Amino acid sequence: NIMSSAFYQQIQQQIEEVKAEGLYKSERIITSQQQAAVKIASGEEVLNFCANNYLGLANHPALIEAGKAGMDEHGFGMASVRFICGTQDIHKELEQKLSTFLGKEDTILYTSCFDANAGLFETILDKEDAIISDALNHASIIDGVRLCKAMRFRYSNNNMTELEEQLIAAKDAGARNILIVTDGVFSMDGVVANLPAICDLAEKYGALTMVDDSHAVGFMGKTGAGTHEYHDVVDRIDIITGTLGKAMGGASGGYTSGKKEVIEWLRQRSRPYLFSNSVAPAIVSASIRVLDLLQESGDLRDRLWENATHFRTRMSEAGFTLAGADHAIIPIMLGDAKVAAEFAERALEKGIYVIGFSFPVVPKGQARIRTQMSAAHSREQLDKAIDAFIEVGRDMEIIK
């Protein structure tokens, strides 16, 4: 164990360095269900303002009942990849309902959106082709691109001038197919990508468009279809990826959605789909339930946006600087990494659970609390959180 001990010592020193930078990630143990007021292992009840539980569906009674029913009817697991003996009728039903929900022809299910992105680019593009990425894209997009042999281009976040430049450079380089790839929502900023301008440029230069809409599906756009609906470009986004693990229920599951040809080819060749278990029947059944629950009413979306508007009003009037527009992610900009860490700790002492981010996750000097709104927050819970944030900021001499 002299070589193995050298290896473990190396890792332990890396861990110690992470702790020294103030960047060590600790897990808070929740003993309750995911919801607005969670219980943690200390015994305290705290208001959760850092979940992707945007419509409060993670503990919604309709989903729990549909998950149980799905287990009674379709069992606990498939124990197979889809093409061997892992496909049930409900997998196809879910894929059809997602396709219509999103305004696309077909949908392919994965056990995560991480895998949907990882399994996309290498399957549809090769060295003859080009991928043009927004510089701020999500890590699963980055890793999918890394498996792909296509030429890679990057444009600065949300910068349509650099996107046009890179489209020209891609044309000049001889690209057969060109794919522009963007997150639909930049999740550290709460900024929705500029889909109209991207679609104009793709149409001008003959490029395909792909949007990862994980942080938008369920509540962006009138019917909650996503940012392509929000920006009225539904038929101009060629490929959409997304997750069931955020607003759409919160368990797990991801998908790719698009033209029948692309989806059929992914079923034939996408490696995560070929080599990983089919999605669990309880999750498939609950997600079918979700899509119906979301077409029944726009009530949950309405509560989400009322909360978001109220939060911006009260927090900005108290003197906080808030990032982004038109999304449930509303970061409190604090600049200094130690200040952000202290703010989160003081918020916890007042019963509010938030998470802070700093470099390298966000730029140096632009540290922030990534507050996330949720339809699960009652107006009183939301006002209690805002009250606590104001008290913390006054205690810390950040606001007057």
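In this text, residue numbers run from 1 along the sequence as written.
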property	result
Segment of higher mean CA temperature factor, 35-43 or 50-58	35-43
Stretch exceeding the other in mean C-alpha B-factor - 291-299, 83-91	291-299
Deposited CA B-factor, highest of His215, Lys149, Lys97, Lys104	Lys149
Member of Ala282, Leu163, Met220, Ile240 with the greatest C-alpha B factor (per the PDB record)	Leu163
Ranked C-alpha temperature factor of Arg269 among modelled chain residues, by third	lowest
Third of the chain, ranked by Cα B-factor, where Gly254 sits	lowest
Among modelled residues of the same chain, the CA temperature factor third for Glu317	highest
Record-listed C-alpha B factor of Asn158: chain third	middle
Record-listed C-alpha B factor of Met373: chain third	middle
